[PDB]
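Notes for the one structure printed next.
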Amino acid sequence: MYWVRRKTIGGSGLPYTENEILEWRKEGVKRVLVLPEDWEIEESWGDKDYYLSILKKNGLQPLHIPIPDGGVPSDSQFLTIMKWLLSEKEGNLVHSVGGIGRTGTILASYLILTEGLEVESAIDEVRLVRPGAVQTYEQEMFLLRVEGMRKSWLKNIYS
Ligand SMILES: O=[N+]([O-])c1ccc(OP(=O)(O)O)cc1
């Protein structure tokens, strides 16, 4: 697991055993934005809702927002993501399956709006702790679309 900003927002792939989830809890995680797709989760645990139940079990408030592999959040989802992340600062963990593409994208989209950084730079930061962060033209297109509305993106959020 990795921290982008120490204890405010970090990420990882999809855990396989409970311990790994207590690894999060121990490294400082408090909340969790689950990014995998239903089937992606269950192929690992056997039951999506069961996984979300243990997430809540260890406290961690789980917000499940599905994002297909190599894809990007939908305008609504994203705003729904920020409202979530930008409303608890401490302990955020964004995870998908590999914790490289979809997670890298979301973290970067966070930095872009929080630290007002351009894409290639936000990416550069995330790849600093998460090597190879962001893997599809789709995601790059998004981040760009984001950076081009860091204005409304925030007005939308902090409304
Ligand atoms: O190995 N995999 O099956 C796999 C690896 C990475 C994936 O996507 P990510 O979590 O956005 O990096 C999705 C699936």
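Position 1 is the first residue of the sequence, and the numbers go up from there. Ligands are counted one by one from 1 in listed order, and the atoms in each one are counted from 1 as well. Because only heavy atoms are used, hydrogens play no part in the values below, and waters and symmetry mates are left out as well, while side chains stay in.
Ring-plane geometry between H95 and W24 is classed as tilted, the angle between the planes lying from 30 to 60 degrees on a 0 to 90 degree scale. Ring geometry, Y51 versus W45: the interplanar angle falls from 30° to 60°, so the pair is classed tilted.
Atom NZ of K7 has more than 12 neighbouring heavy atoms from other residues, nucleotides or ligands inside a 6.0 Å radius. Around atom CD of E115, more than 12 heavy atoms belonging to other residues, nucleotides or ligands sit under 6.0 Å away. Atom NZ of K89 is surrounded by 12 or fewer heavy atoms from other residues, nucleotides or ligands within 6.0 Å.
Each of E40, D69, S96, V97, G98, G99, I100, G101, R102, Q135 has a non-hydrogen atom positioned under 4.0 Å from some atom of ligand 1.
Under the 4.5 Å side-chain heavy-atom criterion for ILVMFWY residues, a single connected hydrophobic cluster contains both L79 and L107.
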